[PDB]
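**Student:** coords below, sequence missing:
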Ligand SMILES: CC[C@@H](C)n1ncn(-c2ccc(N3CCN(c4ccc(OC[C@H]5CO[C@](Cn6cncn6)(c6ccc(Cl)cc6Cl)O5)cc4)CC3)cc2)c1=O
Ligand code: HEM
């Protein structure tokens, strides 16, 4: 009876007097044992979705999920159906696949889930404080409104010639091309596209000064800042190491430069309508009267530029890679250019961009096959019951949604792993609210998010960058197509995606060989 409790205390005491060898081994064994025990008991619960079994505690299914998340999702879906959890480096991720999954996560009430609690630890160090995910959602909603205010049809009309100019400059000056000197060459598209993207997006969103500053050793700070933008930071945001310091330094130095330009313009009253900076200078007052600081303005510009950097660089990379084994498509895109721009005797404008459906379909189809963000997350804040199920997702869990996975299902996109731009005949718009709409603070967007095609997400956290992305990728590709033909080195094909990077970029080196359609044509201007 009571002799039992004595031997508990005795057994407790003999424990701590075990040989240290057996002691260190014990400290490994019993959480291992317990984990299996706990998993097995968890399986009983009918108000929890299935949990993918894992051996190593805490680590969970991290390695298999990290390397091939869609193959992992496919497997889990065969066995368990569309709702299932899995452990990932100390967190419980509840996946919900398919259009119902989109509905569950993207249209989750503000009360139930938090994007900032899922994302802030990565982004805040990189972008800086007070903006995006380092603030309440209603602040974010309004920051998105402010940014959108520089992303208008008239802005795109003026961006097009500037982006065009940057792309031509790059063909002229970059070692990777130099078209006034070489008629053919080889490039790594994972070198060329990040540079082309930063050059074109700096010039148009940030302006001529911030573009100019890229022709200096200031450019090294973007590289530094970029290295804090990696998934590692989702779990180790701050570690006393050098690249964590090069990041912190870069955020300060880059934001300082933007603040310098901003304060400079206010000084001379040079606030026009040129770029996103001008725009945020005129329009960054919240509905409660608080103005964003010059520091928050600058931090937001870093965020925006960083966001648009990696998604677009990735996509232009993939477009080049898919087109390299598809001279039929290159030929077809080339004809559309000849028709819409009168054999090239018409200058590219934003309006004419809208009359190039095949081009835009190519972007659309590349966005389907290569969603740059394979997993979007939220942290669960209030217990969530899953509709038409017994399941309840408790606070402290995370939900994971993956439209990119659905993009690659034959059920919704017949022959989903074939690149086919003609599957978007009669549907070349970047996206569009198929029905009723809703405004979270940054404009009216689709109310339903059940579309199997969701390259830009949906709900309150929806992308506001899609028309800029289409504008930028569209001018870029229009010119690539008109200027060059390109193909793979012998025996090379489309590389598989890297799923461990921030975006699903191509696995390197991803090389193509280009050649000038007109070996004799020259790009003017000085260099
Ligand atoms: C350790 C073992 C190894 C095998 N392993 N184990 C696990 N993993 C792993 C897991 C998951 C992932 N990732 C990939 C990246 N991913 C992700 C990245 C960015 C992201 O961004 C969401 C928010 C914040 O950033 C932006 C991105 N963006 C959207 N449009 C443009 N960019 C964002 C929004 C707004 C602004 Cl202003 C800027 C930015 Cl960057 O949206 C969401 C998910 C999460 C899963 C990678 C590796 C591994 O590598
Ligand atoms: C091909 C290009 C891009 C794709 C496919 C893409 C995709 C996405 C997706 C899926 C989301 C939602 C994330 C989530 O719900 O967790 C998102 C959010 C967002 N993106 Fe993009 N993006 C692209 C480019 C851009 C560009 C160019 C900009 C700015 C110019 C931008 C700015 C933003 C912003 C401000 C948000 C809101 C984040 C939030 O509300 O939490 N993106 N994007």
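**Tutor:** Yes, it's here. Residues are numbered from 1 along each chain as shown. Ligands and ions are numbered 1, 2, ... in the order given.
**Student:** What sits closest to the residue of the stretch 351-500 of the chain found nearest ligand 2 if chain neighbours are left out?
**Tutor:** Nearest to ligand 2 in the stretch 351-500 of the chain, going by C-beta to the nearest ligand atom, is residue 465, at a distance of 2.2 Å. C-beta: built from backbone N, CA, C; applies to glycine. Sequence neighbours aside, residue 308 is the residue nearest to residue 465 in space, at 5.5 Å (criterion: C-beta to C-beta, 6 or more residues apart in numbering).
**Student:** before we move on, what about residue 265?
**Tutor:** Taking C-beta to C-beta, 6+ apart as the measure, residue 265 lies nearest to residue 271, with 5.4 Å between them; neighbours along the chain are not counted.
**Student:** Hmm, the one you found is touching residue 283, no?
**Tutor:** No: checked against C-beta atoms under 8 Å, the pair residue 271 and residue 283 is beyond contact range at 10.6 Å.
**Student:** Show me what from the chain comes close to ligand 2.
**Tutor:** The chain has residues 115, 140, 144, 147, 304, 307-308, 311-312, 315, 367, 372-373, 376, 455-457, 461, 463-465, 468-469 near ligand 2, with proximity defined as C-beta under 6 Å from any ligand atom.
**Student:** Which of those residues fall within helices?
**Tutor:** If you go by DSSP state H, those have 140, 144, 147, 304, 307-308, 311-312, 315, 367, 468-469 in helices.
**Student:** Redo those as a markdown table? Include neighbour count and distance to ligand 1.
**Tutor:** Rendered in a markdown table, the data for these read as follows (neighbours: other C-beta atoms under 10 Å; distance: C-beta to the nearest ligand atom, whole Å):
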| residue | neighbour count | distance to ligand 1 |
| --- | --- | --- |
| 140 | 21 | 9 |
| 144 | 23 | 8 |
| 147 | 24 | 8 |
| 304 | 26 | 5 |
| 307 | 20 | 3 |
| 308 | 20 | 6 |
| 311 | 26 | 5 |
| 312 | 26 | 8 |
| 315 | 27 | 11 |
| 367 | 26 | 12 |
| 468 | 25 | 10 |
| 469 | 23 | 9 |
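**Student:** Looking at these, which one is closest to residue 438?
**Tutor:** Comparing these against residue 438 with C-beta to C-beta picks out residue 144 as the nearest, at 14.0 Å.
**Student:** residues in contact with the closest one?
**Tutor:** With contacts taken as C-beta atoms under 8 Å, 6 or more residues apart in numbering, residue 144 has the following neighbours: 441-442, 464.
**Student:** Return a PyMOL selection command for the buried portion of those.
**Tutor:** Isolation of the buried members of the contacts of residue 144 (16 or more other C-beta atoms under 10 Å) is achieved in PyMOL through the command below:
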select buried, resi 442+464
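**Student:** what residues does stretch 255-267 touch?
**Tutor:** When contacts are taken as C-beta under 8 Å, 6+ apart, the neighbours of stretch 255-267 outside the stretch itself are 128, 206-207, 209-210, 213, 218, 270-271, 277-278, 281, 294-295, 297-299, 301-302.
**Student:** Just the buried residues of these.
**Tutor:** Neighbour-count burial within the contacts of stretch 255-267 applies to 128, 206-207, 209-210, 213, 277-278, 281, 294-295, 297-299, 301-302; the criterion is 16+ other C-beta under 10 Å.
**Student:** just to revisit the earlier point, is it fair to say the residue nearest to residue 265 lies in a strand?
**Tutor:** No: the assignment for residue 271 by DSSP: H, G, I helix; E, B strand; the rest coil gives coil, which leaves it out of any strand.
**Student:** If you count contacts, what does whichever strand or helix holds residue 280 end up packed against?
**Tutor:** Counting by DSSP states H and E, the element that carries residue 280 is helix 276-282. Helices and strands touching helix 276-282, by 3 or more C-beta pairs under 8 Å, 6 or more residues apart in numbering; DSSP states H and E, are helix 137-148, helix 242-267, helix 294-324.
**Student:** hmm, who's touching the strand or helix carrying residue 33?
**Tutor:** When secondary structure is defined using DSSP H and E, the element that contains residue 33 is helix 20-42. Taking contacts as C-beta under 8 Å, 6+ apart, the residues outside helix 20-42 that touch it are 18, 48, 51, 53-55, 57.
**Student:** who's in contact with the helix or strand just after it?
**Tutor:** For helix 20-42, the succeeding helix or strand toward the C-terminus, using DSSP H and E, is helix 62-67. Taking C-beta under 8 Å, 6+ apart as the criterion, the residues outside helix 62-67 that touch it are 72, 86-89, 499-500.
**Student:** what's the offset of the helix or strand just after helix 62-67 from the middle of its chain?
**Tutor:** Scanning the chain past helix 62-67 towards its C-terminal end, the next helix or strand to appear is helix 69-80 (assignment: DSSP H and E). Chain-centre distance of helix 69-80: 22 Å, with C-alpha atoms, centre = their mean, to the nearest Å.
**Student:** So which residues make contact with helix 69-80?
**Tutor:** The contact list for helix 69-80, computed with C-beta under 8 Å, 6+ apart, reads 49-50, 52, 61, 64-65, 84, 86, 95, 97, 374-375, 402, 404-405, 408, 499.
**Student:** tell me which residues in it are buried?
**Tutor:** Of the residues in helix 69-80, those buried (16+ other C-beta under 10 Å) are 69-70, 72-73, 76-77, 80.
**Student:** Kindly present these as JSON lines, with separate columns for distance to residue 525.
**Tutor:** Converted to JSON lines, the buried residues of helix 69-80 look like this (distance: C-beta to C-beta, whole Å):
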{"residue": "69", "distance to residue 525": "45"}
{"residue": "70", "distance to residue 525": "45"}
{"residue": "72", "distance to residue 525": "50"}
{"residue": "73", "distance to residue 525": "49"}
{"residue": "76", "distance to residue 525": "55"}
{"residue": "77", "distance to residue 525": "54"}
{"residue": "80", "distance to residue 525": "59"}
